[PDB]
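First up is the structure itself, then whatever we jot down about it.
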Amino acid sequence: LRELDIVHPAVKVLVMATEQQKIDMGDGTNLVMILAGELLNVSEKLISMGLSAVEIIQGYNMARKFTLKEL
Amino acid sequence: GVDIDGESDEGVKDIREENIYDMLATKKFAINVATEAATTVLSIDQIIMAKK
Amino acid sequence: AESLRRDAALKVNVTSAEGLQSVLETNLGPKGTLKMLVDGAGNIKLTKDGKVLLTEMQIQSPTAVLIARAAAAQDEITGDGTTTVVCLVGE
Amino acid sequence: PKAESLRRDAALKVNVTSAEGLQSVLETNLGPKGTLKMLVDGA
């Protein structure tokens with residue numbers, strides 16, 4: 001991702017998110033890229049049904065606090 | 001866990017055998033970054049660019 | 001004779017207002033959406049504020065130019081409701 | 001993943017547009033102040 005310059009924002013955010021994991025920690029660079037990429041793949045079923053992307057974000061925010069509490 | 005072996009074996013191993021675990025700083029920090037990464041993509045319904 | 005008939009230059013202004021409002025219709029209130037601004041040098045600027053949006057885009061249509069220029073004076077005084085003013089003009 | 005997105009509404013807008021052109025022609029003969037239509041079969 002460092003040698004390949006990114007233009008489209010969706011991939012560029014994942015590149016900037018990789019630097020967030022790489023600078024603060026020496027492990028988990030592949031954990032962020034794989035997990036964040038699958039969240040958009042499973043979201044295609046909700047986008048198809050007609051659920052707006054606004055309430056989709058609200059669902060992940062409520063699930064994030066429930067996940068961090070179980071960790 | 002998940003079996004990482006390259007040879008056919010019945011079942012899977014245990015975490016205590018190879019002592020393969022994930023750190024809290026690696027798992028907890030990766031969740032907050034992954035959620036914010038997919039949020040920006042879902043928040044963009046269109047792009048605006050100009051001529052260079 | 002060759003007289004009167006059609007003013008249809010109004011149709012361009014009406015269509016220009018619908019296309020401009022449809023872009024800012026996506027982002028409103030706390031439920032709004034994020035947009036990208038590219039200056040051509042490779043800088044990706046992600047901001048929901050319509051004040052920075054209208055300055056980074058260059059529209060050839062004169063209808064959207066008057067709306068963008070008039071919105072700059074309101075942002076220096078009111079400083080809020082940049083998208084709201086645009087949605088009221090197009091609708 | 002196949003597709004399900006919209007009912008797309010497009011076949012309905014074509015039906016409305018087809019009725020707009022039909023009324024616009026036929027509304028000219030309405031009332032005593034209307035206009036008289038002519039038909040030619042080619043013969």
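Residues are referred to by chain and number: the chain letter is A, B, ... according to the order shown in the structure tokens, the number counts from 1 in that chain, and ligands are numbered separately from 1 in the order shown.
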Worksheet item: Quick one: which residues from chain C are at most 10 Å off chain A, using only C-alpha atoms, as a PyMOL selection string?
Response: chain C and resi 30-33+35-36+38+42-46
Discussion item. Let's see if you can do this: from backbone DSSP, list all helix (DSSP H, G or I) residues in chain C, as a PyMOL selection string.
Written reply: chain C and resi 9-24+29-31+50-56+62-77+82-90
Report as a compact mmCIF listing (two decimals) with C-alpha atoms, in the first residue's frame the set of chain B residues whose atoms approach chain C to within 12 Å, with distances computed over only C-alpha atoms.
```txt
# COMPACT_ATOMS: atom_id res chain seq x y z
CA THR B 39 -17.95 4.17 8.16
CA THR B 40 -16.21 6.63 5.83
CA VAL B 41 -16.97 4.45 2.79
CA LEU B 42 -20.65 4.15 3.71
CA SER B 43 -20.79 7.89 4.44
CA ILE B 44 -19.75 8.79 0.87
CA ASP B 45 -22.75 8.76 -1.48
CA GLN B 46 -20.91 10.67 -4.25
CA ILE B 47 -17.57 12.31 -5.02
CA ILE B 48 -16.65 15.83 -6.14
CA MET B 49 -13.50 16.44 -8.19
CA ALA B 50 -12.06 19.31 -10.21
CA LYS B 51 -9.75 19.66 -13.20
CA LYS B 52 -6.04 19.61 -12.35
```
Discussion item. I need the residues of chain C that end up classed as strand (DSSP E or B) by DSSP on the backbone, written out as a ChimeraX atom specification.
Written reply: /C:34,36-38,44-46
Please dump the current selection as a CSV table (one decimal), in the first residue's frame; keep N, CA, C and O atoms.
```
chain,number,residue,atom,x,y,z
C,34,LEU,N,-21.0,12.3,4.0
C,34,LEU,CA,-19.7,12.9,3.8
C,34,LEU,C,-19.4,12.9,2.3
C,34,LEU,O,-19.8,12.0,1.6
C,36,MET,N,-16.2,14.1,-0.8
C,36,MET,CA,-14.8,14.2,-1.0
C,36,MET,C,-14.5,15.5,-1.9
C,36,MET,O,-15.3,15.8,-2.8
C,37,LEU,N,-13.4,16.2,-1.6
C,37,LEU,CA,-13.0,17.3,-2.3
C,37,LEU,C,-11.6,17.1,-2.8
C,37,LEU,O,-10.7,16.9,-1.9
C,38,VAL,N,-11.3,17.2,-4.1
C,38,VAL,CA,-10.0,17.0,-4.7
C,38,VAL,C,-9.6,18.3,-5.4
C,38,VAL,O,-10.3,18.8,-6.2
C,44,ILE,N,-7.1,14.7,-0.5
C,44,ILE,CA,-8.4,14.3,-0.3
C,44,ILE,C,-9.0,15.0,0.9
C,44,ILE,O,-8.5,14.7,2.0
C,45,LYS,N,-9.9,15.9,0.8
C,45,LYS,CA,-10.5,16.6,1.9
C,45,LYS,C,-12.0,16.1,2.1
C,45,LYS,O,-12.8,16.3,1.2
C,46,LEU,N,-12.2,15.5,3.2
C,46,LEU,CA,-13.5,15.0,3.6
C,46,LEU,C,-14.1,15.9,4.6
C,46,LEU,O,-13.7,16.0,5.7
```
Item to complete: Name all residues at most 12 Å from residue 28 of chain B (count only C-alpha atoms; drop same-chain ones fewer than 5 positions away) and give them as a PyMOL selection string.
Response: (chain A and resi 21+25+28+31-32+64-65+67-71) or (chain B and resi 22-23+33-35)
Worksheet item: Given a cut-off of 8 Å, which residues of chain A touch chain D, counting only C-alpha atoms, written out as a list in words?
Response: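 Here is what falls inside 8 Å: residues 48, 49 and 50 of chain A.
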Discussion item. Residues within 8 Å of residue 68 of chain C, please, as a PyMOL selection string. Count only C-alpha atoms; anything in the same chain fewer than 3 positions from it doesn't count.
Written reply: chain C and resi 54-55+64-65+71-72
Worksheet entry | Atomic separation - atom CA of residue 37 of chain D relative to atom CA of residue 24 of chain D, Å |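 Atom CA of residue 37 of chain D lies at a distance of 13.0 Å from atom CA of residue 24 of chain D.
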Write out as a short mmCIF file (atom, residue, chain, number, x, y, z; two decimals) with N, CA and C atoms, in the first residue's frame the residues lying within 8 Å of residue 39 of chain A, counting only C-alpha atoms and excluding same-chain residues fewer than 4 positions away.
```cif
data_model
loop_
_atom_site.label_atom_id
_atom_site.label_comp_id
_atom_site.auth_asym_id
_atom_site.auth_seq_id
_atom_site.Cartn_x
_atom_site.Cartn_y
_atom_site.Cartn_z
N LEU A 35 -10.94 -7.29 8.09
CA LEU A 35 -12.19 -7.07 8.81
C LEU A 35 -12.98 -5.91 8.22
N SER A 43 -22.67 -5.73 4.09
CA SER A 43 -23.59 -4.60 4.05
C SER A 43 -24.33 -4.49 2.73
N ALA B 38 -14.76 1.50 7.57
CA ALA B 38 -15.97 1.19 6.82
C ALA B 38 -17.04 2.27 6.95
#
```
Worksheet item: By how many Å are atom CA of residue 26 of chain B and atom CA of residue 14 of chain A apart?
Response: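 Separating atom CA of residue 26 of chain B from atom CA of residue 14 of chain A is a distance of 17.0 Å.
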Worksheet item: Just how far from atom CA of residue 89 of chain C is atom CA of residue 17 of chain C, in Å to one decimal?
Response: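 Separating atom CA of residue 17 of chain C from atom CA of residue 89 of chain C is a distance of 7.4 Å.
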Worksheet entry | A:16, A:3, A:66, A:36 ranked by distance to chain B, top pick (using only C-alpha atoms) |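 Of the candidates, the smallest distance to chain B is held by A:36.
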